[PDB]
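To start, the structure under review is shown below, and the notes come after it.
Numbers for residues simply follow the sequence, beginning at 1. Counting starts at 1 for both ligands and their atoms, in listed order.
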Amino acid sequence: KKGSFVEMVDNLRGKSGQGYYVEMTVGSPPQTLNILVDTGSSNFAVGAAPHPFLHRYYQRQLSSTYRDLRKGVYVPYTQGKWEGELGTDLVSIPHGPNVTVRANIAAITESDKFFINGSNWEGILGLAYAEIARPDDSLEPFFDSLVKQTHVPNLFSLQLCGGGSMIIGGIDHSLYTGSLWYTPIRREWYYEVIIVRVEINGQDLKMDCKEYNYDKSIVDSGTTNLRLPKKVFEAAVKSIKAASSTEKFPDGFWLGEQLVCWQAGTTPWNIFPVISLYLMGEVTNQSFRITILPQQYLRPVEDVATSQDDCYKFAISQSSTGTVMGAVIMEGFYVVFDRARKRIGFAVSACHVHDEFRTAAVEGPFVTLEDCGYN
Ligand SMILES: CC#Cc1cncc(-c2cccc([C@]3(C4CC4)N=C(C)C(N)=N3)c2)c1
């Protein structure tokens with residue numbers, strides 16, 4: 001049953017805080033590495049040299065199928081950077097499709113604040129499109145090579161839990177309930193989508209819908225938080241604060257830089273509101289909503305030291321580069337990256353979040369008798 005969806009189920013480990021990752025092999029003989037599943041980037045980039053935070057790394061000299069491309073790559077981010085060398089080599093996913101492809105690989109030789117202590121992965125699998133690949137869009141991303149070189153359908157789905165499942169090439173109906181609702185992929189670079197309405201405990205934020213997508217909105221498995229443009233973030237917070245006003249938290253909580261803790265088992269979920277993000281539908285002015293519980297946007301921080309308590313970071317934070325629907329949004333949903341039809345599907349996940357009062361949900365259609373996208 002190698003490569004059956006059944007065999008791909010449960011192939012991810014990790015958590016929203018440090019990343020979800022899938023086992024991969026590179027080279028011949030195969031070198032086993034854990035790799036971040038990242039829909040917010042487009043390079044297959046792997047530690048290729050010793051580093052304090054790396055338990056293992058890619059050793060190209062030991063791979064006889066490695067091919068050097070004689071091209072450097074330097075990738076700086078807001079937070080930290082990496083530098084490396086491009087080449088190609090044979091790549092497979094042991095708990096993924098039953099196939100081996102030749103793929104681009106950036107062998108990371110130096111990096112600053114890129115690898116994460118105790119995340120247990122050694123590289124990143126950028127699943128977004130070539131337009132954002134480094135050094136440029138001519139470096140073919142992994143998934144494109146996979147589809148090109150095999151009979152794998154041009155679609156993958158992610159079921160993140162809090163490991164989860166990355167199903168390549170198809171939809172595993174055992175991983176969701178109810179209906180699958182699709183939002184268009186606006187442009188093939190990041191997985192760009194359009195948010196048309198935002199409610200907090202059913203109260204509309206009442207902003208021009210372009211504000212929700214200033215200057216883009218993306219679906220990013222490589223981002224922990226729900227990240228919101230400043231104007232939207234401020235309104236969300238004001239609204240969540242109002243909803244939970246029976247308890248006050250330091251401003252550092254709201255800034256995401258400080259835990260809030262309750263005695264084990266006593267988190268007052270009921271004082272936090274639900275968040276509804278309405279996503280553009282596949283037909284004009286029809287939309288559907290995905291609803292997010294505090295169990296999602298309050299990210300638990302596991303720490304033996306604080307373990308008499310349950311502690312959390314606020315996992316909604318401010319962005320100056322557009323909305324990011326990160327891991328805490330994707331968790332408890334089954335998310336279908338249907339590249340073939342240029343759409344992203346959402347359905348309630350088998351591992352969704354709920355208590356006895358409320359539950360994560362995917363609901364539609366909603367009709368609204370304006371273009372919500374930015375240029
Ligand atoms: C879920 C999760 C997670 C997670 C936790 N810590 C670190 C990372 C992490 C570590 C290194 C880089 C990145 C990266 C970068 C390639 C562009 N940056 C971004 C916003 C993204 N989508 N991928 C993320 C991910």
Any non-hydrogen side-chain atom of [X] less than 4.5 Å from a side-chain atom of [Y]?
X    : Y    : result
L205 : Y212 : yes
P229 : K216 : no
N120 : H55  : yes

So for ligand 1, is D38 a polar contact partner (N or O within less than 3.5 Å, distance only)?
yes
So, is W121 polar-close to ligand 1, with some N/O to N/O distance under 3.5 Å?
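No; the residue has no nitrogen or oxygen that sits under 3.5 Å from a nitrogen or oxygen of the ligand.
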Please verify the inter-ring angle class for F346 with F333; under 30° counts as parallel, over 60° as perpendicular, anything in between as tilted.
perpendicular
Which heavy atom of the protein is the closest neighbour of [atom], given with residue, atom name and distance?
atom                    : answer
atom 13 (C) of ligand 1 : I124 CD1, 4.1 Å
atom 20 (C) of ligand 1 : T223 OG1, 3.5 Å
atom 9 (C) of ligand 1  : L36 CD2, 4.1 Å
atom 7 (C) of ligand 1  : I116 CG1, 3.9 Å
atom 22 (N) of ligand 1 : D220 OD2, 2.8 Å
atom 19 (C) of ligand 1 : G222 O, 3.8 Å

What heavy-atom pair brings [X] and [Y] nearest, and what distance separates the two atoms?
X    : Y    : result
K15  : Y20  : C-CE1, 3.6 Å
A235 : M207 : CB-CE, 3.1 Å
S165 : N11  : CA-OD1, 3.5 Å

Decide whether the shortest distance between a heavy atom of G17 and an atom of ligand 1 is less than 4.0 Å.
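The answer is yes, since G17 has a heavy atom less than 4.0 Å from ligand 1.
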Could you tell me if any non-hydrogen atom of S221 lies under 4.0 Å from any atom of ligand 1?
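A heavy atom of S221 does come that close to ligand 1.
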For atom 5 (C) of ligand 1, which of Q18, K81, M330, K113 has the closest heavy atom?
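The nearest heavy atom belongs to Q18.
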Considering only heavy atoms, which of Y77, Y190, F114 lies nearest to atom 17 (C) of ligand 1?
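Shortest heavy-atom distance from atom 17 (C) of ligand 1: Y77.
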In terms of atom number and element, which parts of ligand 1 are under 4.0 angstrom from non-hydrogen atoms of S41?
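Answer, ordered by atom number: 16 (C), 17 (C).
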Counting from 1, what ligand 1 atoms have a heavy atom of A327 closer than 4.0 Å?
1 (C)
Can you spot which of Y129, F156, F337, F44 makes a side chain to side chain contact (heavy atoms under 4.5 Å, CB included) with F143?
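With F143 as partner, side chain to side chain contact (heavy atoms under 4.5 Å, CB included) holds for just one option, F156.
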Quick one: does ligand 1 sit under 4.0 Å from the side chain of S119, the backbone, both or neither, non-hydrogen atoms only?
neither
State whether the number of non-hydrogen atoms from other residues, nucleotides or ligands found under 6.0 Å of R56 atom CZ is greater than 12.
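Buried by this count: over 12 neighbours within 6.0 Å.
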Answer yes or no on whether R299 is positioned over the face of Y312, meaning its NZ or CZ is under 6.0 Å from the six-membered ring centre and within 45° of the axis.
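No - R299 does not lie over the ring of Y312 by the 6.0 Å and 45° rule.
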